[PDB]
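Secondary and tertiary structure notes
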There are 2 protein chains.
Amino acid sequence: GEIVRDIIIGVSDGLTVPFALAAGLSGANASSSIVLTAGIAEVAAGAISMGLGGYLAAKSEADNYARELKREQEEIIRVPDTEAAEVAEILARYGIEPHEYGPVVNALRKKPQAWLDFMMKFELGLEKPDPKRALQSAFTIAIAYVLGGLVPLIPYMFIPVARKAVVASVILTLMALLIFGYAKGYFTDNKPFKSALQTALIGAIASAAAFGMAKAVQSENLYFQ
Amino acid sequence: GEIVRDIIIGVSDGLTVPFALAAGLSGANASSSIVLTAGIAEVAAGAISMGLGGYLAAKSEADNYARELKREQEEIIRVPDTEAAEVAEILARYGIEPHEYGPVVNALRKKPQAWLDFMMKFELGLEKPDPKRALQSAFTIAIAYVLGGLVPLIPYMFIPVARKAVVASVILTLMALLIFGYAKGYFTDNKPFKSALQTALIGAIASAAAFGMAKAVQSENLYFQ
Ligand SMILES: [Co+2]
Ligand SMILES: [Zn+2]
Ligand SMILES: [Zn+2]
Ligand SMILES: [Zn+2]
Ligand SMILES: [Zn+2]
Ligand SMILES: [Zn+2]
Ligand SMILES: [Zn+2]
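Residues numbered from 1 in each chain as written, not as in the entry; some residues may be left out. Chains lettered and ligands numbered in written order. Heavy atoms only, no water. Residues with missing side-chain atoms left out of burial classes, pairs and counts.

As summarised from the PDB record, the model derives from X-ray crystallography at a stated resolution of 3.5000 Å.

Description of the overall build of chain A
For chain A, the count of helices and strands is eight helices and zero strands. Mapped in sequence order, the helices and strands of chain A form the string α-α-α-α-α-α-α-α. Relative to the compact-globule value of 17 Å for 225 residues, chain A shows a C-alpha radius of gyration of 26 Å, a clear excess of over 25%. A principal-axis box enclosing the C-alpha atoms of chain A has dimensions of 80 × 35 × 30 Å. (Helix = DSSP H or I, 4+ residues; strand = E, 2+ residues; numbered from the N terminus. Rg over C-alpha atoms; globule rule 2.2 N^0.38 Å.)

Comments concerning the domain arrangement of chain A
All names here are of chain A. For chain A, the assigned domains are domain 1 (1–58 + 130–225) and domain 2 (59–129). Distance between the C-alpha centres of domain 1 and domain 2: 45 Å. The partner domain 2 presents six residues to the six residues of domain 1 that form the contact. Broken down by element, the residue count for the side of domain 1 that touches domain 2 peaks at four residues, all from helix α2 (residues 32–78). Class assignment for the residues of the side of domain 1 that touches domain 2 results in five nonpolar, no polar and one charged. (Domains from an automatic or database assignment. Contact = heavy atoms within 4.5 Å. Nonpolar A, V, L, I, M, F, W, Y, C, P; charged D, E, K, R; others polar.)

Quick look at the interface of chain A and chain B
Each side of the interface is counted separately: chain A has 45 residues, and chain B has 45 residues. Elements supplying a minimum of two residues to the side of chain A that touches chain B: α1 (2–27), α2, α4 (98–110), α5 (112–123) and α8 (192–217) of chain A. Take the side of chain A that touches chain B: its biggest share by element is 16 residues, from α2 of chain A.

Notes on α1 of chain A
Its 26 residues place the ends of α1 of chain A 38 Å apart at the C-alpha level, agreeing with the 38 Å of an ideal helix rising 1.5 Å per residue. Backbone geometry just after α1 of chain A places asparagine 29 of chain A at a positive phi near 55°. (Expected span 1.5 Å × (residues − 1).)

Details of the relation of the copies chain A and chain B
With an RMSD of 0.0 Å, the fit of chain A onto chain B corresponds to turning through 180° and sliding 0.0 Å along the axis. Read as a symmetry element, the transformation amounts to a two-fold axis. When the interface residues of chain A are mapped onto chain B, 100% of them are again interface residues, pointing to one common binding face. (Least-squares fit on C-alpha atoms.)

Let's talk about unusual backbone geometry
Its identity as a non-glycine residue notwithstanding, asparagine 29 of chain A has a phi of 55°, on the positive side. Mapped onto the secondary structure, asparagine 29 of chain A falls in the loop between α1 and α2.

Things to note about the packing of α1 of chain A against helix α6 (residues 131–158) of chain A
To describe two helices that pack against each other, one gives the angle between their axes and the distance between the axes. Residues and elements named next belong to chain A. The geometry of α1 relative to α6 is characterised by a closest axis approach of 7 Å and an angle of 30° between their N-to-C directions. As far as their axial angle goes, α6 and α1 are roughly parallel. Like other packed secondary-structure pairs, α1 and α6 cross with a definite hand, here right-handed. (Axes fitted to C-alpha atoms, helices over the stretch in contact; angles between N-to-C directions. Parallel < 35°, antiparallel > 145°, perpendicular 65-115°, else oblique. Left-handed = near helix turned anticlockwise from the far one by under 90°.)

A short note on the packing of α6 of chain A against helix α7 (residues 162–186) of chain A
Residues and elements named next belong to chain A. At a minimum axis distance of 8 Å, the contact between α6 and α7 shows a crossing angle of 150°. Judged by the inter-axis angle, α6 sits roughly antiparallel to α7. Between α6 and α7 lies a crossing whose hand is right-handed. In contact with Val151, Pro152, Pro155 and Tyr156 of α6, α7 contributes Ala162, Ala165, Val166, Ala168, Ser169, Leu172, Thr173 and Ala176. Of the residues contributing to the contact of α6 with α7, the split by class is ten nonpolar, two polar and no charged.

Shown next as structure tokens:
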């Protein structure tokens, strides 16, 4: 689930922080337009950091694994037996009788591709990356982040009073958390009814955190300024 | 690099968005205290979503892989040969001569632990998770996020004028991006001089995005309100 995981980690970040930041700013008697200006500035700034962060990790792991793929094939050139010795240990660790693993290395020495592929598959994990899924990763997380952050900001666009709009945003995102919480469970091995309530509580813990932090800095101001 | 990856993905998120959100709010002639109230509300709301998001994924993957570990051992009980057939394909795909893979399954049938461990190691990846590193993951990403978001907000705490404080925050975080950009390269296979400039440009793209988004909503207001 490459593209399924990318759109899940992107919506959970964009549903919780922009909603929490909005609710916290609305709690401190800020104008609804001000709540929108910091939310959208967060949503835009958030999608780029999530997006390029998903592209930096994907493009770094894709370049490294392909370089180690080349670094390991050059090792079997200079000292072939040392590379054979490393692949022999892989077989040996899993309890193979010596009269059966011996002919395996002899066949592996003639054809390099299969021996290295399995050895690398058994030593450094599945490290051959899809070139199109590296950039597909970044566009899917940035889309899911923008979509997630837009949901808590919709009511502030139609309600110019923030203390009135935050009530529409609490129930709308709470519904969004429970819906996209049970969605992450229908496409996961866990129970979707458990993932719905968990995505709504992380939105509650974060919205409460941003609320308490918003009011502790406004503790000395008479109005929001 | 379990704990090394957790503190990298956490600082890159917390260095870019709180800085960008702050710079965008400061650009629209907002009070420096207002910039702090939305930044810290974002930093707090951001660390919880990053933290519990790292704990939800870790605790879901740890529970699922252990359940599939149990689901697969019960499969070798009802129809042992079907489970043998699945492990036989693993060997067969990598070009094994038939006179050598045959005795391997016979030895694998007597002792279940090694046969399933390798088969699972070769089929469903390395899926046995450390119990202490699942919760260690969440505390390390939340720490790195808070630390990252605090850096762009320090100057606004000592400079009550935002248009004056944003200049101190641009060079301070840009330095932070270049420092923690070359830090992610000294502990990665890529060149650290390349990762420094890349973490500073993602901070530039995001800070510019939040700036343009902050001013497009304030396009009709005479002062920031
Ligand atoms: Co984030
Ligand atoms: Zn090597
Ligand atoms: Zn080797
Ligand atoms: Zn080697
Ligand atoms: Zn199975
Ligand atoms: Zn099987
Ligand atoms: Zn099976």
